[PDB]
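Starting off, we have a lone chain in the form deposited without the named molecule, written out as structure tokens.
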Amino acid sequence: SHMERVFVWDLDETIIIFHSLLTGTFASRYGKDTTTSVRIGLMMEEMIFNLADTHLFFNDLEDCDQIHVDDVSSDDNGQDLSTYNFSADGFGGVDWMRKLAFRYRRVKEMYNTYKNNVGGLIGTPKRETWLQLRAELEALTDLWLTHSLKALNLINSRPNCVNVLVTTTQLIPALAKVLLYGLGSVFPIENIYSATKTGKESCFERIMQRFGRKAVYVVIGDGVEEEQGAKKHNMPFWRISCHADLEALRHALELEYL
């Protein structure tokens, strides 16, 4: 009998500031040092891909534009992967399919066990240089992520609201990114979609198929792709282009009881 909202977020320049650190638009728009902006941007980049290659089988998975994490769970025998050896096991298209699923389920396990202990996944001294990086990044972005997190966690703690993520970034890199920015705990992994292949609207429709017509969808983002896909599917769109937009969204989130 309760009304139900599904919030479909964009990641880059919506929930997090990352790409605009490399192009200098954020530093330029908010009066920050561009040299520092790029240094930080690149350091994060290296961390995202290093984590992706080192722990998320990216060198392997890269050439596989899978939308969702469980898309090849058909070929998964559910065995234990604790002692399973991925390095030496082959790296065909049937028994090979079972090895794929093994890697993606293993990615899922890493995410869930480390979404709140990303420093334990990354280890030392990576953990330490990471906490320092997130510290310079928060300072430079005037606490942008702090602002997005307030909305994300309010949608999380609320019973009839759901957080969904649609990102143009590939799936593996997108998860390393989500983890490194501390979003792993706010986004259930089954709720992340890589629109790298199919496109944003394709993912948007797929998400509606999953949640139903009786739900109220809200597309949140800064770009044209999400806004346009939101229009074609006739879903309310909430544009974000400054810290104030996040503040407004958070405010709406706290006035309603479903």
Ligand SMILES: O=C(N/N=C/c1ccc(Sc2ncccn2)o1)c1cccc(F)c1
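Under this definition, the rigid core comprises the largest set of C-alpha atoms superposing within 1.5 Å between the forms. Throughout, we count residues from 1 along the sequence that is shown.
From this point on, the text means the form solved in complex with the named molecule, which you will not see here.
Three or more atoms of the named molecule, overlaid from where it sits in the deposited bound form, fall within 2.4 angstroms of backbone or C-beta atoms of the displayed form, which makes the pocket blocked. Proximity to the named molecule in the deposited bound form, defined as a heavy atom within 4.5 Å, holds among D89, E109, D75, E138 only for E138. The partner is absent here, but in the deposited bound form a heavy atom of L145, alone among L145, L121, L154, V186, sits within 4.5 Å of the named molecule. Candidate site formed by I67, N191 and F211: none of these residues places a non-hydrogen atom within 4.5 angstroms of the named molecule in the deposited bound form. Screening 156-164, 130-138, 100-108, 67-75 for residues having heavy atoms within 4.5 Å of the named molecule in the deposited bound form returns a single hit, 130-138. Although the partner is absent here, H243 is a contact residue: one of its heavy atoms lies within 4.5 angstroms of the named molecule in the deposited bound form. Contact annotation for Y30: at least one heavy atom lies within 4.5 Å of the named molecule in the deposited bound form. The named molecule is not drawn, but in the deposited bound form it has a heavy atom within 4.5 Å of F26. The shortest heavy atom separation between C203 and the named molecule in the deposited bound form exceeds 4.5 Å. Taking 2 Å as the criterion, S82 counts as shifted between this form and the one not shown: its C-alpha moves by at least this amount when the rigid core is aligned. A movement of the C-alpha atom of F18 reaching 2 angstroms or beyond is seen between this form and the one not shown when the two forms are aligned on their rigid core.
Whereas the displayed form keeps them at a certain spacing, the CA atoms of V69 and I17 lie at least 3 angstroms closer in the deposited bound form.
By 3 Å or more, the C-alpha separation between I16 and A176 shrinks in the deposited bound form relative to the form shown here.
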